[PDB]
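To start, the structure itself, in structure tokens.
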Amino acid sequence: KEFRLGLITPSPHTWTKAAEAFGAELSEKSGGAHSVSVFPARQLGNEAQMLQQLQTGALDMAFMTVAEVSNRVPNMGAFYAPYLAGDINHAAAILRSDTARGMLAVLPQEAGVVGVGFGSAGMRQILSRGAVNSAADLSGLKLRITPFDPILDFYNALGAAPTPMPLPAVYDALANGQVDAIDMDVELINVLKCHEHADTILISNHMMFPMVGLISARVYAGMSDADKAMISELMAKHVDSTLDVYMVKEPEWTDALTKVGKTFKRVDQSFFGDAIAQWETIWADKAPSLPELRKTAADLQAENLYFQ
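The opening position of the sequence shown corresponds to residue 27 in the entry's author numbering, with each subsequent residue numbered one higher.
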């Protein structure tokens, strides 16, 4: 079968490369019985549209933000608790935990997809066209976000003016004033060159940003038993591989952003004042897994079960 696999990420992105590597390996492991055609850069629609077509089976596969999935399955919001992870290595360990993996079980019924495992992109950061010396400087700033509620709620609690906007429009929106600031990770600040029009780069690491490898449940049900196992395991391997890329490259992309001539500052959780507490109150009855995920995260850190 010729499967199609969609992403919203551009061609140089880690996820796109992982999807291509997955496709090549599936072709080889299947002896040419199967192939994967990869459609990056939103070619097949926006992420919400892609999820709709995974649900029907019109689209076979995707490497999708957990952000979009959280619009369909609000318990996925638990991953976005601010400062749940202290860094990308902690995040990867959280995403590999039994607690995290258990949360995948609801996806066939709740979203019509099989989630094979988690990957990620980078931690979230803030770029602004103006000076930012305290959280108060974010007030009223039109601030680009990924279109999902956890991040909307965070910026609403901060008093910014969050504005959902897909990746391709962001560079231009900064260049032309449709936004004053953006929420984005270091890989894409580099790749999309969004630092060019910004004044200040804040390395806040305020939220993680998981990815999930999805197979349409309808399509999965049509696979042979051997292929269900082989394809899901192979996809899981490639999704997991992304965690190791970010573990290595996150500080490298971050250091690259000290060489673009802008004001560069690191901040920590205290910078955000009461916004984190407000987020917790919003999400307490939306994402029932949060207390267990917080416990898992705390235990991984206390036991030093990752590189730090």
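For every residue, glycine included, the Cβ atom is placed at its ideal position computed from N, Cα and C.
Simplified DSSP assignment, three categories, for residue i
| i | result |
| --- | --- |
| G57 | coil |
| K285 | coil |
| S63 | strand |
| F174 | coil |
| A199 | helix |
| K168 | strand |
| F290 | strand |
| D86 | coil |
| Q75 | helix |
| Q151 | strand |
| residue 24 | With the chain running from 27 to 334 in the structure shown, residue 24 is simply not present. |
| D209 | strand |
| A313 | coil |
| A252 | helix |
| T268 | helix |
| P190 | strand |
| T280 | helix |
Closest by C-alpha distance to residue i, when choosing among the options
| i | options | result |
| --- | --- | --- |
| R320 | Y332, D294, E306 and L164 | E306 |
| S63 | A186, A323 and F29 | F29 |
| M90 | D281, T284 and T40 | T40 |
| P66 | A126, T42, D300 and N97 | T42 |
| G145 | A50, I171, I215 and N115 | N115 |
| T268 | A47, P134 and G103 | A47 |
| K263 | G32, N101, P194 and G49 | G49 |
| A131 | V217, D311 and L240 | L240 |
| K291 | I229, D113 and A84 | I229 |
| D211 | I227, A201 and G203 | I227 |
| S154 | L31, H221, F297 and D124 | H221 |
| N159 | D124, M129 and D225 | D225 |
| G103 | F333, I34, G143 and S315 | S315 |
| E94 | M237, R244 and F298 | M237 |
Chain-order list of residues whose beta-carbon lies under 6 Å from that of residue i (same chain, five-residue window excluded)
| i | result |
| --- | --- |
| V271 | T40 |
| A186 | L164, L167 and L169 |
| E213 | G148 and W279 |
| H232 | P108 and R150 |
| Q135 | none |
Beta-carbon contacts of residue i that lie in its chain and below 7 Å, excluding the five residues immediately before and after
| i | result |
| --- | --- |
| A111 | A117, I120, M234 and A323 |
| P38 | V217 |
| residue 18 | Here the chain comprises residues numbered 27 to 334, so residue 18 is not present and cannot be evaluated. |
Span of the beta strand (DSSP E), counted from its first residue to its last, around residue i
| i | result |
| --- | --- |
| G141 | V139 to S146 |
| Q304 | Per DSSP, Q304 belongs to no beta strand (DSSP E); it is in the alpha helix (DSSP H), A301 to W309. |
| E28 | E28 to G32 |
| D325 | From DSSP, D325 is part of no beta strand (DSSP E) but of the alpha helix (DSSP H) over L316 to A328. |
| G239 | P236 to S242 |
Cβ separation of residue i and residue j, assumed to be a contact under 8 Å, to the nearest whole Å
| i | j | result |
| --- | --- | --- |
| residue 7 | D179 | There is simply no residue 7 to check, as the chain begins at 27 and stops at 334 in what is shown. |
| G138 | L80 | 7 Å |
Endpoints, the alpha helix (DSSP H) within which residue i is located
| i | result |
| --- | --- |
| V212 | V212 to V217 |
| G156 | Taken as a continuous stretch (DSSP letters only), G156 belongs to no alpha helix (DSSP H), as it is neither H nor E. |
| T125 | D124 to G128 |
Same chain, Cβ closer than 8 Å to residue i, five either side skipped, listed in chain order
| i | result |
| --- | --- |
| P100 | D175, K312 and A313 |
| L70 | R30, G32, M76, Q79 and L85 |
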